[PDB]
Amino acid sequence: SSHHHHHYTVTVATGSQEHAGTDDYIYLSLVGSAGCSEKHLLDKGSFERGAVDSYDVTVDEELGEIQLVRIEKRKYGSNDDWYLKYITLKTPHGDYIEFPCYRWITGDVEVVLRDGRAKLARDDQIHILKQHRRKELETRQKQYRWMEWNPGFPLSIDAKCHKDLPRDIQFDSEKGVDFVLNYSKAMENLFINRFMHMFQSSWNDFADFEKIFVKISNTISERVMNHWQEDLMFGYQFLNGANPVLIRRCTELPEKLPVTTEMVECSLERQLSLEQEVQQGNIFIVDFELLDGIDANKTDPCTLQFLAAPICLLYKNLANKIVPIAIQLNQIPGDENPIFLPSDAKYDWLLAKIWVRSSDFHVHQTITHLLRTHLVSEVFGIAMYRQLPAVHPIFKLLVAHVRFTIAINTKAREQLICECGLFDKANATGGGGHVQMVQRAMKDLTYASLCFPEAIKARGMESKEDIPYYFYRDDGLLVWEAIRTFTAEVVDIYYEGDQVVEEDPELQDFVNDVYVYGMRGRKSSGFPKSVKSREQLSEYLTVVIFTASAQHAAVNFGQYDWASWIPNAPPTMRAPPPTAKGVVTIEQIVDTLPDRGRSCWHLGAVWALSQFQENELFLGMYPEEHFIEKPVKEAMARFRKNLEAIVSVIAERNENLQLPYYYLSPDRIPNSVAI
């Protein structure tokens, strides 16, 4: 695809996208320490998609060391956008200089690119480079401003629809990544259009839903189908499901749950008492205080949707497996909030489990998944684009991990979770309830909650010896330390010491745009207002990236496996929680379960949101060479080797498991949060 033009040897790399070529005029200038260059007109032929064009440009006079490159595109007619990858120069004196672009040029502005050697402001001392940097930040801050989408929410990009973002942060495709289009296209692909708007109609039994499900089911999905009524599967999801972040070891029984040793005698397997067992550390808890006060979806007057705020008490049996031993569906005990038990009627216990699952699904969708992953990543991205110039070593590193984050969130807000959005179709927290969740969850979000080892230890889930079957933790720690090592290497490459980090003005303003605008300047978040050490900078970028890639994928890509069997992850409930024991029948649960119309939308949503791209970039795949220097390439190479080793470790582990756990295998962890 190489084309040579003959009258400095200039090589321009055009993008591989479906539209990266442009037929407009492209003029080029070389800005040197001893002079500037005329606007040289490139070939008249249109730059092609995936192209690499070479041109001979003769300078009238010695320009000295080439520092900057101006690129202008003037429309020949009907101006179309052009994705520039990089520009290489082979100078007369025998020097090869690479300028990474990787940006959309739509004629609107003249783009100015700098050498691919990563630089800190402290390194720049001449008017040429400094003016470029200052002006670059001026326009970055003109282009990337903050906005509050909903009160108490983290600040997001200033835009109403997708087309309102800078194209550099838009999707490569016009309508390529669309919630409406991909969800409906799945509902057709999954062969479920007949139920797309078939509300107020209930599935007559499990068998009917099962016959449609077998043809679309997966491995983990079919296991869920065969084992969703088992205490073992119920407890297993609390460690290795799609939302394995809520369980905490119980060191003292909550006073609000008046559970008794005599109540759990049958589940207990050590001849110890319930309190004695808590003293031993074998009792675990999942408390849904965050669902108390959430308003259920009232958008459908012909169906009442209901939430709960359960407290689930679980036990680690002689097999070192965590299984549920007690469930109270609401927060304040009484005569109408029974504590259901595995000894109760089959369907009392089953309905308790169904409600616990529904609550976990609501938390996952809103708190675990959206807020703590997407919106955090978007905050980091907006701060990045505002405060770190493209020549900064932190920008070159994070740009690949915040790719498609702003755009996916904006598309969500314009199609998915807006007022009367697709979210309200099947979820009971539509109409505003989920909004309140985020607000209430905000004050619980802290910088330590995003640091993985601290987060694991904070709930007491640290000991692999006492809690051996926590694969999510085991893989997460491997990946976290891998990324920490990679980030440490980069930091050490670019910061002589803590003084250089501390004196870095653009890093500090980036951190502060995260603290003030991202977290709203809330003191109780724990976010650094300034980084003064390389260990702290490493940890900060580690939080950023791990939230943007590994954690996000762990919370997203278990949705079709585990939520696909609706009884295992109900998006809504159509009856209030049972207030008495021995009064509920399997039929009544089927009637409490979602209708046929919401079924299709939930299934399509989890399937569409559970998808990898055909040419997706996984952890370490950095095709866009923003870094072009040798030491940083070696650091990336080591990153890749350690990741591949972890892939081997995780595969060998999966070979000996009932149900393998592949979500934290780096070969399935994208770079950024694109869904």
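All residue numbers are counted from 1 along the displayed sequence. Definition used throughout: the rigid core is the maximal C-alpha set that superposes within 1.5 Å between two forms.
A.B. asks: Which stretch is less alike in 5 other deposited structures of this protein, 432-440 or 74-82, counting RMS CA distance after the rigid core is superposed?
C.D. replies: Per-stretch check in 5 other deposited structures of this protein: the more divergent one is 74-82.
A.B. asks: Using a one-third cut-off over the other compared PDB entries, is residue 176 one of the residues left without coordinates?
C.D. replies: Affirmative; at least a third of those entries omit residue 176.
A.B. asks: Hey, does residue 446 show up as a hole in at least a third of the other compared models?
C.D. replies: No; none of the other entries leave residue 446 out.
A.B. asks: Mind pulling up the entry and telling me whether 189-197 or 324-332 has the higher mean Cα temperature factor?
C.D. replies: So the stretch with the higher mean C-alpha B-factor is 189-197.
A.B. asks: Going by the average Cα B-factor in the PDB entry, point out whether 292-300 or 472-480 comes out higher.
C.D. replies: Mean B over CA atoms: larger for 292-300.
A.B. asks: Checking the entry, which one of 395, 349, 404, 82 has the top C-alpha B factor?
C.D. replies: Comparing C-alpha B-factors across 395, 349, 404, 82, the maximum falls on 82.
A.B. asks: Which one of 262, 503, 269, 178 shows the biggest C-alpha B-factor in the PDB entry?
C.D. replies: Among 262, 503, 269, 178, the highest C-alpha B-factor in the entry belongs to 178.
A.B. asks: Ranked by Cα temperature factor within the chain, is residue 249 in the lowest third, the middle third or the highest third?
C.D. replies: Lowest third, going by the recorded CA B-factors of the chain.
A.B. asks: So where's residue 523 on the chain's Cα temperature factor ranking, which third?
C.D. replies: Ranked within chain, residue 523 CA B lands in the lowest tercile.
A.B. asks: Can you tell me which third, lowest, middle or highest, the CA B-factor of residue 546 falls into for its chain?
C.D. replies: Residue 546: CA B-factor falls in the lowest third of its chain.
A.B. asks: Place residue 306 in the lowest, middle or highest third of its chain's C-alpha B-factors, as listed in the PDB entry.
C.D. replies: Middle third, going by the recorded CA B-factors of the chain.
A.B. asks: Compare the C-alpha B factor of residue 277 with those of the other modelled residues in its chain, then answer lowest, middle or highest third.
C.D. replies: Ranked within chain, residue 277 CA B lands in the lowest tercile.
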